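Presented below, as structure tokens, is a lone chain in the form deposited in one PDB entry.
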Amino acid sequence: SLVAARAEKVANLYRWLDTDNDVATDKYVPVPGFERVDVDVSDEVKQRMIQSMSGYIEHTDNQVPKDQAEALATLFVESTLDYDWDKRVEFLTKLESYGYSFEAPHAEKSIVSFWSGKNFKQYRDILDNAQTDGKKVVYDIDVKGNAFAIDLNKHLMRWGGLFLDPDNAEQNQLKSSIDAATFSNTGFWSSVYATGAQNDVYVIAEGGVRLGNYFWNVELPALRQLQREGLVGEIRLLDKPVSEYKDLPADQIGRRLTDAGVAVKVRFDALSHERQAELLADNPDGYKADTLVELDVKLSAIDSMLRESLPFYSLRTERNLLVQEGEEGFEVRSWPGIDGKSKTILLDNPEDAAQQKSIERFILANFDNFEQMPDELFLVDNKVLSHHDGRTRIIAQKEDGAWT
């Protein structure tokens, strides 16, 4: 099974992000950002939802077996309300066995894309006839398996909503628990879709990243891991309006999350900032609970931290090199530095931070990529050398750069 493969990939990642916590076990794996809320249920009531579900399944125009309907709904409902990992996968495995493909249609000629905004279709169109390579962008909507899972999930959500009383709020806690559980579903399945991304990936998020949305919480992690495996290249973020990306080549469409300028937004969740903003904005109109509030925080500042904390982290970001300390001397590969070719840099003082910054700046000035670099580089005695067949002293330092 191909989704059991992906599922297994996803279960690791969730367990890797849970290592400090260690709240994950067998069967229960926590979806990042999807708090598990389980409260007491009357047992038979499950059957009410079970048989509703089952009915719904086969009295709907879906590619499911006739009598299989009871089976499916039983599996699904247990799987959701119990936060059982094996059942969640089994449900997914089962669906895959009814000709529900959990994979993008243009298997290799598809650009797996992410939309977590408003008007994906508009963006998608510009993005589609921009590729000069016959490449067509694909959303999670396009995956028949995904969509059908979301449909059934939607139905159980709706059951809770319109069969229950908020008035009696011990009933509300049962509603909040069912809402919480169905939320982790959509969350898990977005990590399934996201582990299938290859090459350059497109992300639609107008007005910057939205902290605590699906992209941030489940998609971006799965995409990060894929990069460190070398399977994904640039994650391109379209946080500006569609016009700004109009009549631009596919390479040049979008930037990175970590670049300066990209904004962050929340749903106006804080105890007293709602009120601060409330009397400072019940002035004109107001704010709905889901209104997105533009924060003034810089994700770039966290990237900046790394550049001044980890050695040669800027060659990584700006030149896609991976300088690691080796047996003696730094060894350099193209990032993520699992691929063959290896070059070397020797410093005359490998721990001095002034020294690392110098050879760092030097490399950014002389080489645009890894393949342009000589096989050996030396920062010695205020001179920089290189050996590539014959030794040359490319620059000397007497308060400046005396190239030659």
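Superpose the two forms; the largest set of C-alphas matching within 1.5 Å is the rigid core. The first residue of the sequence shown is number 1, and the count goes up from there.
Quick note: we don't show the form deposited in another entry, though the next part is all about it.
Return yes or no for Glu70: a CA shift of at least 2 Å between this form and the one not shown, with the rigid core superposed? No, its C-alpha moves less than 2 Å.
Once the two forms are fit on the core, has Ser54 moved its CA by at least 2 Å between this form and the one not shown? No; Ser54 is a residue whose C-alpha shifts by less than 2 Å between this form and the one not shown when the cores are overlaid.
Exceeds or equals 2 Å, Cα of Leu377 between this form and the one not shown, core fit: Yes: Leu377 shifts by at least 2 Å between this form and the one not shown.
Which is it in the other form for the CA atoms of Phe34 and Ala270, closer or farther than here, knowing they shift by 3 Å or more? They are closer; the C-alpha distance drops by 3 Å or more in the other form.
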